[PDB]
Amino acid sequence: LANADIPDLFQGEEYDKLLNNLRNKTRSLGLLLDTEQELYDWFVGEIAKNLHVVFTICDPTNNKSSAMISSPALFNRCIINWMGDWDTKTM
Amino acid sequence: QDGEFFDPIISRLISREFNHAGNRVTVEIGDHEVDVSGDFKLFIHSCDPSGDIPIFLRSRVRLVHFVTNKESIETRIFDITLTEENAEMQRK
Amino acid sequence: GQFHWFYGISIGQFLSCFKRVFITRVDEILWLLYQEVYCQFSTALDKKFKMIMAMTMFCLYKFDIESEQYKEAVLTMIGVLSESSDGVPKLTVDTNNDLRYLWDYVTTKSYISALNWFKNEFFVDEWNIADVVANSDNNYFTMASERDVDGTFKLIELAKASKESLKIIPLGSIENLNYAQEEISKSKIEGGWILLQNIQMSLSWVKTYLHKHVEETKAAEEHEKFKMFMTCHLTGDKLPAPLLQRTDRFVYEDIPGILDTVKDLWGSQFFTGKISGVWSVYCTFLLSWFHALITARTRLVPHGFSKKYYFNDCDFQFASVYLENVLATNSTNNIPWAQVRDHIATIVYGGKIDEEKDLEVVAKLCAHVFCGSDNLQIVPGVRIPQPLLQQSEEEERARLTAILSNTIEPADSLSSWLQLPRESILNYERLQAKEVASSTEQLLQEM
Amino acid sequence: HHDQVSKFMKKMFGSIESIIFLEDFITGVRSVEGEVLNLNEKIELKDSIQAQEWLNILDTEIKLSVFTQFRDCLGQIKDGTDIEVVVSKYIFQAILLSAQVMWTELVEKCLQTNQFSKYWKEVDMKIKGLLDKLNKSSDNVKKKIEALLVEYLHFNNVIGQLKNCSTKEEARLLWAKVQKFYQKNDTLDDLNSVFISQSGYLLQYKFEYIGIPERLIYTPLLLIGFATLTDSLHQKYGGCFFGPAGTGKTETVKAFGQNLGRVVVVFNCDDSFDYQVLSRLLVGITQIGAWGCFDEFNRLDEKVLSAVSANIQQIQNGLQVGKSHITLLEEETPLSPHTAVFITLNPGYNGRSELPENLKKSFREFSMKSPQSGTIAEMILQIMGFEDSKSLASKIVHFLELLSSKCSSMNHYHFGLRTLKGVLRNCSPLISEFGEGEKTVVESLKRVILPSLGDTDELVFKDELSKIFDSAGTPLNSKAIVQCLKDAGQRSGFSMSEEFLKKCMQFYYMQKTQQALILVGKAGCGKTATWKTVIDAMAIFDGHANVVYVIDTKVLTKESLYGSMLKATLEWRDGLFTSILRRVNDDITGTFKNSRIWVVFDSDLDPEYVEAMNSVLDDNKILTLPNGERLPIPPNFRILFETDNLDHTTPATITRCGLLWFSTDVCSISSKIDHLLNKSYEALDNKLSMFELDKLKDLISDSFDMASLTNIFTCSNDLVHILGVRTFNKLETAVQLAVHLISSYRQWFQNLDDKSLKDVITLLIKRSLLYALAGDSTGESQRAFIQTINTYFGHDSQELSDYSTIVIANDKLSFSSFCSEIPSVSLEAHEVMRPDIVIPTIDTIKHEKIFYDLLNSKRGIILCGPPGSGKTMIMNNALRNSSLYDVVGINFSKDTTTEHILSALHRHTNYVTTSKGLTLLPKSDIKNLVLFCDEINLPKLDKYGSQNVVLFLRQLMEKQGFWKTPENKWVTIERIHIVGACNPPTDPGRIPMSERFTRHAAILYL
């Protein structure tokens, strides 16, 4: 969420394989990108617009679920929404 | 036998989730889709009340306490008292 | 049971106790309960927890039964015994007399008396291990105790006075456990009593052989009148709870006086025969007093010794061995005395001591017990003179036994005999009061 | 082969290493120590002979051969032969026993006559005689003399004590406590002829070879331990001493054995040790009748411990009863009654450990205590060349003891004996310079104890040192080093202050003695300056070059640094710390012999990393590999540690190394500035004409005087600072800015009015001074401080306004002062949300200008501020606009690695292998690059508490180059900038940053 990639997943050789596959799809769509930087920023931007994370936390009181809301990355880039109880009408 | 510890995968078997077919009824467990009988029954058993179970389970699960508490003493001393106090009415 | 492993209770133990309560009516039966519970469960607790359960159960009854003015008066007293608060309770002519008698104990700075007050107020016969055993309807018993003492010798006189059949079984090596399991299966058929000395050490075996063996033996009820006893140590390896709950429990809390222990040390010494000088028996007598004086100091802590130290019959043995050796290697001239003290005070007994504070105390005891020309005066009343010229070894045994039989241990023994001050003893009495008073208040508020 | 058995003997004997043949005949054996024992009868061999048969004869003959060498020797000394004569021809084990027996005999008679003095000098002379023999001796016999010295000192000590006794009873008491070595002049079975008396109890010397082991100094405490061991054994009980680690409990049991001619088998328990092996060894010990010591018995696993403890009972119960055969490991094995079991019990976290219950009536527990040091001190002084060893030992200890009671309780202060052994160790080279006098001791006290003390305690040392003993007026090496130190600093830029000279002197004198050096101080104390100055001064004074390797300790892993092994292929690759040593050791191809090698660790030091090097810190001076090797370190190769705190490190680690505590900063505020200015001017010389430079340096000197600034820096403290950094470390921020702002307007200084010029200077300096003290302030405070600057600066001089600016023309050189001018923004609907959109404010321009100015200085920037305060945008938009700099965005998370930083850089950076810097890492394009590290106070810290990712940036900011993690080489980064944003660390989630990193940053709280 802070970035829109997990750096670790694609590093070293697996970075080069991603980088190769990236050039293939980019051209297939019809755009060639001058620099190595021009490429990665397509990749990240694609993730940012196609991947959507919804968290479902039940007791925010729990110390492990507190850490979710705490986490800055999640707090800033998530839309916090509250459904904590059923009201008498909805019951 | 150990309800305190509980992995996620049983999960779809706890919530009643299934994918129904012409004759076969399938449930997803971790990876493999396996067929459910219907003669099949499930019970989860725990030994220590100290051990805390996941909120997922606790909500889908019927929690029943087979515990011989200190509260059980009040109930059981009356039965012993009445047998030695009014044996005619405890008999009847 | 939460504080200590040996202090377990099942619900069934309370039920079986409440059944015995039968075989203002509601008020009398209530008073019958408190008494019967004090009677059965006082036995499986040590002196501290006896006093704790006394004061607690007293307030458990009287807070419901007596006045609200009673409640704060006794509680403002239990607050004075503890360090919670100090006050004078609300005073009314003839209003309360038992309660007025209690505060008199607390105000007189007399602590042990005020703690035992709640025990007397139960109006119960505090059951002697014999009575408990006799009433008890099981073939198994575990009696734990502090390492200072062992109820092994209480069990000898318990068996002698009724039903005989005493069999002491040490659990030592493979041989002892192996002989042990043989003597166990045969004694139940025979119906003889059996004792299993210091199981805690041989425990790994318990969980495998004894844990299964005692569990399987429901035919032990079917078998001839037989009773198995096991000795534990409270400070020590934790017994399996399931085996513990199945078996009846007692705490041997019986502490001998200084003089009594001297007499008990000296008592066996004649069984060894005769191998040494007449003079030696005097040194063996000296050690008898010495050992009984440090053991007496061991319990009194912190005032007294810095930590609880445990001294053994092994410590006496290693000391007497050194004494035989010094008299064997030197002349009969008295002056060898210098290095007798050093070796007793620093290797034999000062060995386990680690704190410098306490090492000086063992030395200062040796200063008084060992060096001494013509007259020693171990205690205020008793003087030990050095061997007579007649040099009769049989006379001197009898003379030194006679000196024990002449003396009777004073009221103030812990301060007069152990040369430590009276004000220290009171400080200690105050603290064990505070510990009982605290733990009771804690218990009341928790429920 | 036969000869191939010698390998395995080391195991089954313990004392010997390899066996000597004439092939057909066994001439003798040699010990693990190097000592050669020759047998009486050389044992004959034929091809069809069994090992069991021939070796069994050797065990017998090896003991006999020791008796022979003992009686031969004892008889010689009895016939008035000087001990110097005997040493050269007899094995140590023999000569030791001979001394003991004669000593004992000679003192036994001397108790009767009271002729102590006549025997004392006599002994004292043999001691001196042995000492001078040692200096001129072959390394092998050097061991033997030293080993004997331990004993002869014991002899004389006991006699002296005996001389002193009030009466004869007093003397017979003291003598009883001692270990007295008797021989039976009565009898046959010679192996059984020697026996030992102590506390009345006797104990037969078995004749086993011991070789020449490191013999423990005799202490009263040692004898008492010996006395408890003899008291337990006499009654057929097991010896057991509990107590804290480092009290030498197993060493005692080793020594107690030796004294009685026994090689004790020590079981180090729970060093991943098998039960099956121990069970075998226990049968062997009960058969062979040996002594086994359980070294740290407490550390066993419960299943093992039960099993072992039960076995041990068999042995000790077998002995107490005396059973001929006992059953253990479910087989009938015979039991020697010479057998004994010893248990050492290290304490847990819970308490001093206990024996299992069964062992409690089978053993005798004793409490080991650290030796009262006085006795150790006296002997150590005796060995070196005494003068008055008794007075020094009393005096040194009193003083050390006195310091302890009189100094402040400070964490790293150790006035324990370890410390006096160290004073004494340092003393030996010192004696060479001066005397075996107190004066040499006095100097060694201040050479060790003083560099680690802090100002309050620094006088307590001086007051009580002179209070206890006064030695001398004047110091050697006083002029010569000092002029070599002044000359090095003038060249480096530094000012020789009270303190900078002092801590430079303290350091110089320590490298001499110590090979591991520690420098502890606040961030910006002067450490790097002290050592870099001293090391530089030594190449002037000695003529020896230095080769420095500065490594950030905690940036790299233990595997990256010491040597990392891969679990399956077991493939061994070098590391960093080990690989730079192989240049010196393995292949000194160039000049290393005449060079001085220094490996500096600039980062925080922790147990795990120092433990993996503890062997170099030991008296060993060798490096032990995880797998494969030990590499020895030369006397040139010194390891330094510069760090800010110690909390993690062990007192054991400190006392192996030399510690240099920097109580306060070496240098004056002014003096810092002075150096800083000149350091800044040198950068400009490479890009500015001398005429320009000469004029601009003149300007700076006359515009700002120290008297004004002193109040300004004082008032800086009376102010609330977000992301707090101390005044002294903020200084580089002023001067670097100030000089750049003036070198900015250099061209307009050619033709402008001299009164007006000063106003341009003063304004810039008043500005640069503001952000450097109050830049991290509220700005509500900035405004307040602006007036404080104006107040303390000259009243007439151009005053500072909140938005005050200096302006020059678009098309013509001009000069006027106008502030707060804004371009006006119109944007379309679609433009509204965009990761790069700024609606410029009076304050956006204000921050963007200063932010850009700092980068021109090239000082790192920390933009600290609340979320959504615009710290990211101000940074981004000022640079997304300019052609010069190019931004690279890294977000940090609670657990981000230093490789993520590298990988993100690799995308925009190109390494070039130019011979100028070797490897370099400039940006992949020609113009300057900016790393933006967002959420810099987010990555978490080692359990010790040290965030490596931050230290890595600190490496880049300060060193300007980093070490390659896999390939192991130095790459110097060219033209790359570090900028960071963080939240206030009062906010949740946030981690406190090391002053050692934030010192290189300009902090702007927005």
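Structure determination for this PDB entry was carried out by cryo-EM, with a resolution of 34 Å recorded in the header.

**Q** Can you walk me through the sheet that holds strand β3 (residues 194-197) of chain C in this structure?
**A** Either a parallel or an antiparallel arrangement is found when strands of a sheet pair, and the pairing is made through backbone hydrogen bonds. Residue and element names in this part refer to chain C. Reading across the sheet, the five strands line up as β2-β3-β4-β1-β5 and stay open at both edges, with parallel pairing between neighbours. If you trace the sheet from one side to the other, it starts and ends with β2 (168-170) and β5 (248-251), each paired once. Strand after strand, the sheet turns through a mean of 25 degrees between neighbouring axes, direction not considered. Where β3 and strand β4 (residues 228-233) come together, three bridges link them in parallel fashion. Within β4, the residue paired with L196 across the bridge is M230. Against the sheet, helix α9 (residues 174-190) makes contact with β1 (140-145), β2 and β3, and its axis sits at roughly 150 degrees relative to β2, the strand it touches most.

**Q** I keep staring at the sheet that holds strand β4 (residues 180-183) of chain D and nothing clicks. Help me out?
**A** Residues and elements named next belong to chain D. Sheet architecture is open: three strands sit in the order β4-β5-β6, paired in antiparallel fashion. The strands lining the two open edges of the sheet, one partner per strand, are β4 and β6 (201-204). The sheet shows a mean angle of 30 degrees between the axes of neighbouring strands, direction not considered. Of the strand pairs in this sheet, β4 and strand β5 (residues 194-198) are connected by four bridges, and their pairing is antiparallel. Counted as the bridge partner of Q183 is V194 from β5.

**Q** I would appreciate a short explanation of the interface of chain C and chain D in the present structure.
**A** Interface size is commonly expressed as the accessible surface area that is lost when the partners come together. Contacts between the two partners involve 33 residues from chain C and, on the opposite side, 31 residues from chain D. Here chain C meets chain D over a buried area of about 2,500 Å², counting both sides, of which 51% is carbon and sulfur. Along the contact surface separating chain C from chain D lie four salt bridges. Here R364(D) ties to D315(C) by a salt bridge, and the two come within 4.0 Å at their closest N and O atoms. For the side of chain C that touches chain D, the secondary-structure elements that each account for two or more residues are α14 (313-329), α15 (337-348) and α16 (356-369) of chain C. Residues belonging to the side of chain C that touches chain D are distributed by class as follows: 12 nonpolar, 12 polar and nine charged.

**Q** Is there a simple way to think about the packing of aromatic side chains in this case?
**A** In this description, a pair of aromatic rings is defined by centroid distance and the angle of the planes. In the structure shown here, the tally under the stated rule is 60 aromatic pairs over all chains. Both rings, one in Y15(A) and one in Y40(A), keep their centres 6.0 Å apart while their planes meet at 25 degrees; by these two values the pair is stacked. Separated by 25 residues along the polypeptide, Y15(A) in helix α1 (residues 13-29) and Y40(A) in helix α2 (residues 36-50) bring together distant segments of the chain. According to the relative accessible area criterion, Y15(A) is buried, its value standing at 15%. Classification of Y40(A) by relative accessible area gives buried; the value is 3%. Ring centres 5.2 Å apart and planes at 70 degrees place the aromatic pair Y101(C) and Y105(C) in the edge-to-face group. Here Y101(C) and its partner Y105(C) are both found in helix α5 (residues 98-107), four residues apart, which amounts to about one turn of the helix. Look at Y105(C) and you get partly exposed, because its relative accessible area is 25%. Following the ring pairs from residue to residue traces out a cluster consisting of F290(C), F305(C), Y309(C), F311(C), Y349(C) and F370(C).

**Q** Would you explain the nonpolar core in this entry?
**A** General note: in soluble globular proteins, nonpolar side chains tend to be found buried as a group. Within the largest apolar cluster, 91 residues are counted, with the highest numbers of intra-cluster contacts made by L58(D), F70(D), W103(D) and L162(D). In terms of residues, this core owes the most to one element, helix α4 (residues 92-113) of chain D, which gives 12 residues. Apart from the residues within four sequence positions on either side, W103(D) is in contact with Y119(D), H154(D), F155(D), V158(D), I159(D), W175(D), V178(D) and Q179(D). In terms of nonpolar packing, the next biggest core, distinct from the first, is built from 65 residues, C17(C), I52(C), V124(C) and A433(C) among them.

**Q** Quick question: what am I supposed to make of helix α31 (residues 780-792) of chain D here?
**A** Helical geometry note: an α-helix holds 3.6 residues per turn, so side chains three or four residues apart project in the same direction. The end-to-end C-alpha distance of α31(D) is 19 Å, a good match for the 18 Å that 13 residues give at a rise of 1.5 Å each. Within α31(D), burial applies to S781(D), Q782(D), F785(D), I786(D), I789(D) and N790(D).

**Q** Mind showing me how you'd approach the arrangement of the chains here?
**A** Counting contacts across all four pairs of chains that touch, the top-ranked interface belongs to chains C and D. The two partners chain A and chain C share no contact, and the minimum distance between any of their C-alpha atoms is 27 Å. The two units chain B and chain D never meet; even their closest C-alpha atoms stay 26 Å apart.

**Q** Explain the interface of chain A and chain D to me, please; I cannot follow it from the model alone.
**A** The interface of chain A with chain D comprises eight residues on the first partner and nine residues on the second. For the pairing of chain A and chain D, the buried interface totals around 750 Å² over both sides, and the portion due to carbon and sulfur atoms is 47%. At the boundary of chain A with chain D, the tally comes to two residue pairs in polar contact. Among the elements that take part in the side of chain A that touches chain D, α2(A) stands out by supplying three residues, more than any other.

**Q** Please explain the packing of helix α15 (residues 417-433) of chain D against helix α16 (residues 438-448) of chain D as it appears in this structure.
**A** The description of two helices packed together rests on the angle between their axes and the distance between the axes. All names here are of chain D. Relative orientation of the contacting elements α15 and α16 amounts to 125 degrees, with a least axis distance of 9 Å. Relative to α16, the element α15 is oriented oblique. By crossing handedness, the relation of α15 to α16 is classed as right-handed. Packed against α15, whose contacting residues are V423, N426, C427, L430 and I431, the element α16 presents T440, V441, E443, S444, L445, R447 and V448 at the interface.

**Q** How do you make sense of α5(C) when you look at a structure like this?
**A** All names here are of chain C. Within the span of α5, buried status applies to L99, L102 and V106. Taken end-on, α5 shows its buried residues confined to a sector of 55 degrees, consistent with a single buried face. On its buried side, α5 packs onto α4 (68-81) and α6 (111-120).

**Q** Looking at this structure, I do not really get a nonpolar patch on the surface. What am I missing?
**A** Residue and element names in this part refer to chain A. Together, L1, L51, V53, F55, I57, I69, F75, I80 and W82 make up a nonpolar patch on the protein surface, roughly 890 Å² of accessible area in all. Mapping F75 onto the fold places it in helix α4 (residues 72-77). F75 sits in the partly exposed class, given a relative accessible area of 46%.

**Q** Whenever I open this one, the environment of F207(D) confuses me. Can you help?
**A** Residue and element names in this part refer to chain D. Within the secondary structure layout, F207 lies in the loop between β6 and α8 (220-234). What makes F207 buried here is its relative accessible area of 1%. C-alpha separation for the pair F207 and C504, spaced 297 residues apart in sequence, amounts to 57 Å. Once you skip the residues sitting within four places of it in the chain, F207 turns out to touch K63, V66, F67, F70, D190, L191, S193 and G261.

**Q** What exactly am I supposed to notice about the side chain of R596(D) here?
**A** Its place among the elements puts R596(D) in strand β18 (residues 596-601). For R596(D), the contacting residues outside a window of four places in its chain are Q511(D), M538(D), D542(D), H544(D), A545(D), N546(D), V547(D), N636(D) and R638(D).

**Q** Looking at this structure, I do not really get the pairing of strand β10 (residues 325-328) of chain D. What am I missing?
**A** For a regular strand, side chains alternate in direction, first toward one face of the sheet and then toward the other. Residues and elements named next belong to chain D. Residues of β10 alternate between two faces, with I326 and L328 buried on one and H325 and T327 left unburied on the opposite face. Pairing of β10 with strand β11 (residues 331-334), which is carried by four bridges, proceeds in the antiparallel orientation. Within the sheet, the bridge partner assigned to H325 lies in β11 and is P334. In this structure, the hairpin formed by β10 and β11 is closed by a connection of two residues, where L329 is found at a positive phi of approximately 60 degrees.

**Q** Hey, could you run me through the packing of helix α27 (residues 690-703) of chain D against helix α30 (residues 754-774) of chain D in this one?
**A** All names here are of chain D. Packing of α27 against α30 leaves a shortest axis separation of 10 Å and a crossing angle of 70 degrees. When the interaxial angle is binned, α27 and α30 end up roughly perpendicular. As α27 packs across α30, the resulting crossing turns out to be right-handed. On α30, the residues touching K695, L699, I700 and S703 of α27 are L757, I761 and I765. Of the residues belonging to the contact of α27 with α30, the class tally is five nonpolar, one polar and one charged.

**Q** Would you mind going over the pattern of salt bridges with me for this structure?
**A** Charged atoms that come close allow side chains of opposite charge to pair. Residues and elements named next belong to chain D. Counted according to the given criterion, the structure contains 58 salt bridges over all chains. Its salt-bridge partner being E629, residue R582 comes within 3.2 Å of it at the nearest N-O pair. Of this pair, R582 sits in helix α22 (residues 581-584) while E629 sits in the loop between β19 (622-624) and β20 (630-632), placing them 47 residues apart in sequence. What you see here is one network of salt bridges that share partners, running through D552, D602, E642, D644, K672, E732, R954, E958, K959, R996 and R999.

**Q** Quick question: what am I supposed to make of the pairing of strand β13 (residues 363-367) of chain D here?
**A** All names here are of chain D. The element β13 is largely enclosed, with a buried count of four among its five residues. Summarising the sheet, strand β7 (residues 238-242) and β13 pair through five bridges and their orientation is parallel. Across the sheet, residue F242 finds its bridge partner in β13, namely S367.

**Q** Where do I start with unusual backbone geometry in this structure?
**A** Of all residues except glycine, most have a negative phi; of all peptide bonds, most are trans. The linkage connecting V301(C) with the following residue, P302(C), adopts the cis geometry, with an omega of 10 degrees. Located in the positive-phi region is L723(D), a residue other than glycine, with phi close to 65 degrees. Residue position: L723(D) is located in the loop between α28 (706-717) and α29 (727-744). For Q960(D), which is not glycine, the phi dihedral falls at a positive 80 degrees.

Rules of the game
- Residues numbered from 1 in each chain as written, not as in the entry; some residues may be left out.
- Chains lettered and ligands numbered in written order.
- Part of a larger assembly, values for the part shown.
- Heavy atoms only, no water.
- Pairing = 2+ DSSP bridges.
- Helix = DSSP H or I, 4+ residues; strand = E, 2+ residues; numbered from the N terminus.
- Axes fitted to C-alpha atoms, helices over the stretch in contact; angles between N-to-C directions.
- Contact = heavy atoms within 4.5 Å.
- Buried area = accessible area lost by both parts, 1.4 Å probe.
- Salt bridge = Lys/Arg side-chain N within 4 Å of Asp/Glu carboxyl O.
- Nonpolar A, V, L, I, M, F, W, Y, C, P; charged D, E, K, R; others polar.
- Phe/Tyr/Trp six-rings, centres within 6.5 Å; stacked < 30°, edge-to-face > 60°.
- Buried < 20%, exposed > 50% of the residue type's maximum accessible area, 1.4 Å probe, protein only.
- Core = buried A, V, L, I, M, F, W, Y, C linked by side-chain atoms within 4.5 Å.
- Expected span 1.5 Å × (residues − 1).
- Polar contact = N/O pair within 3.5 Å; in protein donor to acceptor, adjacent residues only side chain to side chain.
- Parallel < 35°, antiparallel > 145°, perpendicular 65-115°, else oblique.
- Left-handed = near helix turned anticlockwise from the far one by under 90°.
- Arc of directions from axis to C-beta.
- Patch = residues over 30% accessible without salt bridge, like charges linked within 9 Å, V, L, I, M, F, W, Y side chains within 5 Å.
- Areas by Shrake-Rupley, 256 points an atom, 1.4 Å probe, with all protein chains shown as cover.

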